[PDB]
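Read the figures in this text as sums done on the coordinates, not as results from a lab. Cβ: placed from backbone, ideal geometry, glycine included. Neighbour counts: every protein chain shown.
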Amino acid sequence: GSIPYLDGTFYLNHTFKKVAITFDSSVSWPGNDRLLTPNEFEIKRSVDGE
Amino acid sequence: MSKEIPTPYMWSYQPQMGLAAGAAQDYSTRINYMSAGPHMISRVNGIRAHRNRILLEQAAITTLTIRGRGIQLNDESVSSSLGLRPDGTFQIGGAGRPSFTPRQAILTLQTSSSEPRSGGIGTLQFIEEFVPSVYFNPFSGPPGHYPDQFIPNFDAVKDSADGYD
Amino acid sequence: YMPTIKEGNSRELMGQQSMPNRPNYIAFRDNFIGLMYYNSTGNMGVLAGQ
């Protein structure tokens, strides 16, 4: 069938939940509290809608 | 490779302690000229020599209304408004005008630490001090004369820190 | 001990025996543990400068 790695027909991006980026395992990259959540690129929030 | 134009070594920082971890040759920015002739190869070697000259040199040479803490504050000493004090008779209700006393409040607010520190290094000073270092003739001496700072598993006092205890 | 499954007063039911039910001591937990939400992204205690 299709080859999303080759052709570009990606269709699973909706299943990501969290992405955390840390340099040297102590410093988060957006390291100035420049997000609503503290240090995670929270992509999609579950039913826990604060 | 060449003991005269060497790929530089780039330090690795340990944020947590403030010391500098082991370093290594730069391995992410190499140029792949393996498909070039003598012209471009000499040009690239000259470029890397220029980069090394820039590094060596850099390293070696380059090493009222007080602001309060970002929001200035005004300062008054005789701003005392409510001169009354509750003796046996009076009964003073809610009050209070917050004013910074010139000597007491401000100086007590801007005193430094009691005794200065002695330990690791912060990020900015690490960036300013630990430029990539160019190692010209690698490991050309007898054993024990090598730069041990490069090995991350090497402790300055107790030599060759055994990993895993 | 139920001598016979049949209902209604009769000779068999006269010999029945009973014992007290086991005790329960339902009460609030130690230190009121669990009353306040702790360590849950769904419900997070918030304290901030207004």
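Restricting the search to the range B:59-98, which residues are among the polar types (S, T, N, Q) and either within 30 Å of residue B:125 (Cα to Cα) or in contact with a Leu (Cβ under 9 Å, 6 or more places away or on another chain) (or both)?
Of everything in the range B:59-98, those that are among the polar types (S, T, N, Q) and either within 30 Å of residue B:125 (Cα to Cα) or in contact with a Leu (Cβ under 9 Å, 6 or more places away or on another chain) (or both) turn out to be B:62, B:63, B:65, B:72, B:74.
Please go through the range C:15-50 and pick out each residue that is aromatic (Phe, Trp, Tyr) and not in a helix (DSSP H, G or I).
C:25, C:28, C:37, C:38
Within the range C:1-14, how many residues are exposed (fewer than 10 other Cβ atoms within 10 Å of the Cβ) and part of a helix (DSSP H, G or I)?
1
Pick from the range C:16-50 the residues that are surrounded by 10 or more Cβ atoms within 10 Å (Cβ to Cβ) and either of a type in the set (S, T, N, Q) or more than 30 Å from residue A:36 (Cα to Cα) (or both): which of them is nearest to the other protein chains (Cβ to nearest Cβ)?
Selected residue: C:41.
Just to be sure I understand, how many residues within the range B:104-121 are exposed (fewer than 10 other Cβ atoms within 10 Å of the Cβ) and not β-branched (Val, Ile, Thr)?
Count: 8.
Quick grid of which residues meet (1) in contact with a strand residue (DSSP E or B) (Cβ under 8 Å, 6 or more places away or on another chain); (2) more than 14 Å from residue B:149 (Cα to Cα); (3) within 14 Å of chain A (Cβ to nearest Cβ):
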site	(1), (2), (3)
B:3	no, yes, no
B:8	yes, yes, no
B:25	yes, no, no
B:29	no, yes, no
B:33	no, yes, no
B:38	no, yes, no
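Could you list, in sequence order, all residues of the range A:8-22 that are assigned to a strand (DSSP E or B), away from chain B (no Cβ under 14 Å) and surrounded by 10 or more Cβ atoms within 10 Å (Cβ to Cβ)?
Within the range A:8-22, A:18 is the sole residue that qualifies.
When the residues of the range A:23-50 are filtered to those that are β-branched (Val, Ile, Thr) and either more than 10 Å from every other protein chain (Cβ to nearest Cβ) or part of a loop (DSSP other than H, G, I, E, B) (or both), which remaining residue is farthest from residue C:40 (Cα to Cα)?
A:43
So residue B:121 ticks every box in (1) assigned to a helix (DSSP H, G or I); (2) within 30 Å of residue B:149 (Cβ to Cβ) but one. Which box is left unticked?
(1)
Among B:4, B:57, which is among the acidic types (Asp, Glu), out of contact with any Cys (no Cβ under 7 Å at 6 or more places or on another chain), in a helix (DSSP H, G or I) and farther than 30 Å from residue B:99 by Cα?
On inspection, the qualifying residue turns out to be B:57.
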